[PDB]
Amino acid sequence: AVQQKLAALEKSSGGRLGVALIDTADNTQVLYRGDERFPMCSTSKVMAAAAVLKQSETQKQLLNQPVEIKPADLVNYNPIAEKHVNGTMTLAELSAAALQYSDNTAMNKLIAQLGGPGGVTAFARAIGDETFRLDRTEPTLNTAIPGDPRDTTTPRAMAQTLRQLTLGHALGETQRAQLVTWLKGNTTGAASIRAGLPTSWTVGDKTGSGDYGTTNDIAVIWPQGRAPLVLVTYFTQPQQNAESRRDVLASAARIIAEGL
Amino acid sequence: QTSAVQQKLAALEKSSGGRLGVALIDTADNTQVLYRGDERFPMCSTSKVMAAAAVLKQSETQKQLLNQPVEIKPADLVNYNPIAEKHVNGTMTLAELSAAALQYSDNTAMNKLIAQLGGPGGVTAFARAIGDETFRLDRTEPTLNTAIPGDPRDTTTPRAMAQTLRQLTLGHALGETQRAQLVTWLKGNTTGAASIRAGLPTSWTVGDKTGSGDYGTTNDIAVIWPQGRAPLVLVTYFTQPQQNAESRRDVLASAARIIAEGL
Ligand SMILES: *C(=O)[C@](NC(=O)[C@H](C(=O)O)c1ccsc1)(OC)[C@@H]1N[C@@H](C(=O)O)C(C)(C)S1
Ligand SMILES: *C(=O)[C@](NC(=O)[C@H](C(=O)O)c1ccsc1)(OC)[C@@H]1N[C@@H](C(=O)O)C(C)(C)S1
């Protein structure tokens with residue numbers, strides 16, 4: 001059932017669809033191009049925020065640390081940071097801005113805190129993710145060039161990591177709860193995975209988009225009366241200038257939710 | 001007269017299978033674009049803005065009001081309580097209930113705001129106090145969402161709601177602290193990305209409140225900060241002839257796109 005339906009959706013879309021579900025009720029999975037690399041775009045901000053949360057487990061006041069926001073720091077999408085130019089934001093405020101508003105200046109401050117993109121990758125390796133790689137800062141990490149492994153992961157790897165971060169023990173108890181709180185407060189997600197799910201289900205997610213019409217969402221889902229799901233939906237298209245297709249992610253989620 | 005924008009909205013409506021209401025205020029020149037601007041629509045969850053604003057108004061003469069605890073009982077839970085259900089047999093403050101009502105559209109939270117205002121008529125009284133003669137709240141959650149065609153209960157017009165949202169968020173209907181809090185809450189909405197937001201350029205900032213109900217009723221009210229220009233207020237209301245009709249957030253996105261293209 002599910003494989004035929006996801007293949008049909010992909011064919012209709014004209015693009016390349018990646019799906020990984022983990023149903024924590026029974027540890028069953030639904031994979032479609034689960035081992036192909038896709039450009040993460042803004043979904044990478046989850047790994048950067050989680051890496052700073054892990055640092056805060058041993059640097060106990062780190063999330064309170066002021067960070068200078070200079071005019072020269074502003075990049076291409078700064079809905080929160082532009083308010084604080086020529087002042088400071090804390091690492092907690094930058095983490096919330098990066099996750100809930102997808103602020104690219106905030107993401108660059110998280111990356112800088114970790115010593116550069118390699119510090120985000122190092123955290124991925126530390127929690128057993130051998131697939132994830134962050135190579136570039138914002139905004140060049142979103143070029144989404146076909147065949148380019150930079151700033152990519154696989155749906156399988158990202159679903160497994162998102163499970164460990166939000167439902168497992170990659171982070172300390174307080175830090176896991178803080179990541180889940182941030183994801184549940186996302187502002188950008190209503191057109192993506194959660195548009196394909198019953199309204200009664202609770203979703204925390206991080207969206208992204210980029211060149212090649214790249215349209216992404218990674219979610220942790222609490223269905224009414226049953227154990228949580230983790231769902232990654234990645235999508236990218238042949239034309240550099242392609243339009244976003246959040247409806248394709250919604251459709252993938254709806255197929256997944258039918259099929260259990 | 002019918003403008004280019006009104007003709008495009010008419011063509012969208014004709015293809016939609018329902019009835020579309022739009023009101024734009026461009027605060028660059030205070031001009032209005034209306035489509036069925038003086039027709040009534042069921043507000044559904046967009047009514048939560050007036051309830052939260054009424055409690056913010058109360059807080060202007062009670063510095064501690066937003067810290068006041070409210071008991072959440074098992075009997076209080078209604079049909080959509082993602083925040084309140086975590087606090088059953090405990091308390092939430094009026095700030096927590098305001099944030100839950102606006103940013104998660106918690107119906108139990110809305111009922112606590114309504115009760116703090118003395119019932120639905122307390123919300124209407126606040127609307128009258130800030131110059132809105134059109135708004136009416138008649139019922140609590142969840143019955144205020146029945147959205148029956150021709151029913152005046154729990155309705156407003158696009159024109160009235162755009163003017164009210166402007167006065168609340170950009171004007172002086174609230175104190176400056178309270179106006180800033182309302183804008184912060186709306187900008188942190190979780191439910192908006194498929195609605196007005198989906199029709200606007202990505203660089204534009206939005207705070208909004210969505211709603212849906214029966215008759216495929218699909219609503220959004222937004223304050224918009226365009227890249228390089230004064231803010232807009234936009235109301236998009238949509239309702240359909242059949243009780244069981246599907247939501248059409250795409251129609252609100254399409255209306256917003258026509259408005260943005262027409263500026
Ligand atoms: C993350 O994906 C996001 N967008 C980008 O990274 C893109 C970029 O090149 O910087 C971008 C696409 C359109 S405008 C900028 O980071 C700013 C945010 N996530 C997108 C999404 O969820 O679809 C937004 C909300 C369009 S911006
Ligand atoms: C407000 O509109 C909202 N939903 C309702 O009021 C509806 C009801 O009958 O209580 C409802 C429709 C589907 S489930 C409950 O209040 C809970 C929220 N706003 C809707 C929207 O924005 O489309 C939600 C997010 C579906 S729930």
Side-chain angles (χ1 to χ4, degrees), chain A residues 18-60 62-63 91 95 98-99 107 110-137 141 148-184 186 193 203-208 216-222 227-234 256:
Chain A
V19 179
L21 169 72
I22 304 167
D23 185 347
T24 75
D26 53 12
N27 288 334
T28 62
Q29 293 169 272
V30 168
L31 294 138
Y32 190 86
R33 304 192 184 286
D35 295 304
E36 300 185 27
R37 283 181 178 280
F38 293 82
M40 290 182 283
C41 301
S42 285
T43 71
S44 64
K45 298 176 187 169
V46 173
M47 198 72 85
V52 171
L53 282 171
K54 173 56 70 183
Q55 289 195 329
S56 77
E57 294 181 34
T58 58
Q59 297 179 70
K60 289 313 222 169
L62 181 59
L63 293 182
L91 281 170
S95 300
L99 289 178
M107 171 58 151
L110 302 182
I111 294 170
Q113 166 57 31
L114 298 166
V120 185
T121 306
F123 171 68
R125 296 296 180 274
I127 67 169
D129 187 330
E130 287 290 335
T131 302
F132 174 100
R133 54 184 289 179
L134 202 70
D135 292 274
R136 290 169 293 170
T137 62
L141 70 87
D148 185 355
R150 287 179 298 177
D151 310 295
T152 64
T153 196
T154 70
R156 185 191 303 266
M158 190 55 116
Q160 179 55 35
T161 291
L162 188 58
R163 184 189 184 160
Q164 294 169 225
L165 286 177
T166 62
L167 299 174
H169 295 287
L171 298 173
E173 180 172 71
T174 299
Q175 293 77 28
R176 176 178 72 177
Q178 178 65 266
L179 179 60
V180 164
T181 296
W182 279 332
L183 292 171
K184 282 176 175 187
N186 184 30
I193 283 167
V203 179
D205 81 300
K206 185 73 193 76
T207 57
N216 296 337
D217 198 13
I218 72 175
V220 50
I221 301 154
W222 292 264
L229 315 173
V230 179
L231 181 61
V232 171
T233 60
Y234 284 168
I256 288 305

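Hydrogens, waters and symmetry mates play no part in the numbers below; they use all other heavy atoms, side chains included. Reminder, nothing fancy here: chain letters follow the sequence lines and each chain counts from 1.
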Task: Under the side-chain contact (heavy atoms from CB on, under 4.5 Å) test, residues paired with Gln175(A) that sit two or more places apart - done: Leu53(A), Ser56(A), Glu57(A), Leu171(A)
Task: Within residues 156-166 of chain A or reaching into it, pairs that qualify as salt bridge (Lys or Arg N to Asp or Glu O under 4.0 Å) - sequence neighbours excluded - done: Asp35(A)-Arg156(A)
- [ ] Apply side-chain contact (heavy atoms from CB on, under 4.5 Å) to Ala25(A) and list each qualifying residue two or more places apart in sequence or on a separate chain.
- [x] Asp23(A), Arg226(A), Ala227(A)
- [ ] Going by the side-chain hydrogen bond (donor to acceptor under 3.5 Å, both in side chains) test, name the single residue among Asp217(A), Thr152(A), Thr153(A), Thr43(A) that passes it with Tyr234(A).
- [x] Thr43(A)
Open item on the list: Can a donor-acceptor pair be found, under 3.5 Å and without considering hydrogens, that links the side chain of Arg176(A) to the backbone of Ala170(A)?
Closed with: no
Task: Pairs satisfying side-chain hydrogen bond (donor to acceptor under 3.5 Å, both in side chains), at least one member in residues 113-125 of chain A, at least two apart - done: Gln55(A)-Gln113(A)
- [ ] Report yes if some heavy atom in the side chain of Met158(A) is under 4.5 Å from a heavy atom in the side chain of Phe38(A); otherwise report no.
- [x] no
TODO: Check the pair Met107(A) / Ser44(A) against side-chain contact (heavy atoms from CB on, under 4.5 Å), numbers first and verdict last.
DONE: CA-CA 9 Å; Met107(A) 171 58 151; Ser44(A) 64; 3.4 Å; yes
Open item on the list: Using the side-chain hydrogen bond (donor to acceptor under 3.5 Å, both in side chains) criterion, which residues pair with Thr24(A)? Sequence neighbours excluded.
Closed with: none
- [ ] Mind checking side-chain contact (heavy atoms from CB on, under 4.5 Å) for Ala159(A) and listing every partner two or more places apart, or none if nothing turns up?
- [x] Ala20(A), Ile22(A), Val230(A), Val232(A)
Open item on the list: Within the supplied structure, the quantity of interest is the number of heavy atoms (other residues, nucleotides, ligands) at a distance under 6.0 Å from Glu173(A) CD; does it exceed 12?
Closed with: no
Task: Close side-chain approach of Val180(A) to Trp222(A), heavy-atom, < 4.5 Å - done: yes
Open item on the list: For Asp151(A) versus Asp135(A), what's the shortest heavy-atom pair and its separation?
Closed with: OD1-N, 2.7 Å
